[PDB]
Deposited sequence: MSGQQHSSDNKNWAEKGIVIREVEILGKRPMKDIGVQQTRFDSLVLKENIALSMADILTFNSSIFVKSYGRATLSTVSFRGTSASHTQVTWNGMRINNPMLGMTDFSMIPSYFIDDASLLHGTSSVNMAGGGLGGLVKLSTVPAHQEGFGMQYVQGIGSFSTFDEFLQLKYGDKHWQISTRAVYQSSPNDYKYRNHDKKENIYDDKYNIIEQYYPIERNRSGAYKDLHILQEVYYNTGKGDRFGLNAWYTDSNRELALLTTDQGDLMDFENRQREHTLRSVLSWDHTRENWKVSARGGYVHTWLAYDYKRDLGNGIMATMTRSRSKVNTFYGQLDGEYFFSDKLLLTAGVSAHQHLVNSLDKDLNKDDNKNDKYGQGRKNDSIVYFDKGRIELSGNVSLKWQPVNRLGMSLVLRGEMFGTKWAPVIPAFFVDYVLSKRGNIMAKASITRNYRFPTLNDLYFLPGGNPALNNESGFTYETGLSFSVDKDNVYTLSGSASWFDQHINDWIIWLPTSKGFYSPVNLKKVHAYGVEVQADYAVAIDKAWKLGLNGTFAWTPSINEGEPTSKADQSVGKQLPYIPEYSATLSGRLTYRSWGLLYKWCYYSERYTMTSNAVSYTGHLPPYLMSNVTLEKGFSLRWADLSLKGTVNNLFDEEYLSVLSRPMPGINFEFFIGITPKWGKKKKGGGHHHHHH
């Protein structure tokens, strides 16, 4: 059933209709409503932070076509800048499973890739989206194929002013009189300010297949972003002449070569990424002069190469090896230096009997000039019962994460002599699948994980290490699909995660009420539920997300000005498809914030009420 590579591995797979369901969704929205991951984002087209299994953002690695995507200076990825329509395949490697491909993925790994199409001749697609607040979305697809070549081109453009009206509960405007006294105070109905944005993404793919076992590929991805940083809720006055801007130009390229044979296979790969960052903070004073108060520029160049192998001694024994190299040449204007990163791994997969299965992974790393202890990993898989496919899993590892480039080389606070975090993990879980005779398909899993973080890197008046953290909990997910009638289909996907994140560090000072406390901005509970109903050409989709209370203080103390209520959101989409002569029409209307909540997900960050969105999709048909 399962492939030899997937032995004793806990992961979740995003299928095509989840990713290709809407052109306005970034990967932050995909992970929010389709997985138990916590995503910290105060709206649309804004910084999104992923906390995976009770860890920080720096503990989650992102790879696009095998090349790591995390910003080397910050160590974290902004998931809001990755359109879902630019991703054809996504996987989520949980905990120990991240060791199978990456290094310091203490939380986990997010594996993104682009898949070759199967198009004969020429074809194209155009989708246009119109919604509230004067938002506009466009997406254009061009492709061609002739059984050896596969050329594709995509473009995504998104723009909006972000001037939604919200009722402000954190500020009171006062009505004066002839002698400057407050007579009445009312909660104003303001609009989001300094929130406009314009994004451009272009993706180009060229694929070649000799048909003799050699496959070549080339992907190029260009990003042009122009976003403004919104004002806080507690910001006073009609403050015009104040602009924030974060321009961001970036190019990702990967070259791939695959050489396959009877039982063995070798894959070579190389890439290059260039990034240019620009932050502005200006004020218009006087009459026409616009003085500048903050100006930051940064340029990052990275070269990537990788070589993988795989050998089959038989159908019940397997060997893999691989070497990876990254070189982050950073020339940040306003320190200019970088790191060389090497990783190698050798793995043995063995299937001694039909039920039992074992796997052993050995990985070594060397970042710049400092080696790391060998990272081992053992995965074991056993089949408790063939009837209901009840299966048991277990794993264990000792993972290490290197400090980011700012933790090492930075202008105000640049400690070079910094240790690397370590984490000891062990997991166990069960799974099942009760597929019946085309009536329903129910499958799910439940896994327990216990993980210890040591030498966590934190800045406090500057890396100071410390911060021992204990992360554990239970993950549950289940899928269901039943055909009520010959024309009605229902699908339910639900996930749940109880993820305490307790810090066990020695009490700093004497009044530290933080030992044994939940970490800030990490919910203890999370749940998602997605329902899809299909009737001929009609389709109704329901998305629901639940986050428990998120604490803004390490002491978890009750405060009036720092309280975040549990987050519950509901989105509904209705889609209708028509079949014309020279084209196919797909109409869908999206309703976000169905119940019109006046809420606050991130402290002092206003968020819109009920808003709408309407899409038109045209796919020409030819001979």
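> Got a list of the deposited-sequence ranges with no coordinates?
Replying inline: Missing C-alpha atoms (numbering from 1) occur across the ranges 1-27, 362-385, 513-518, 681-693.
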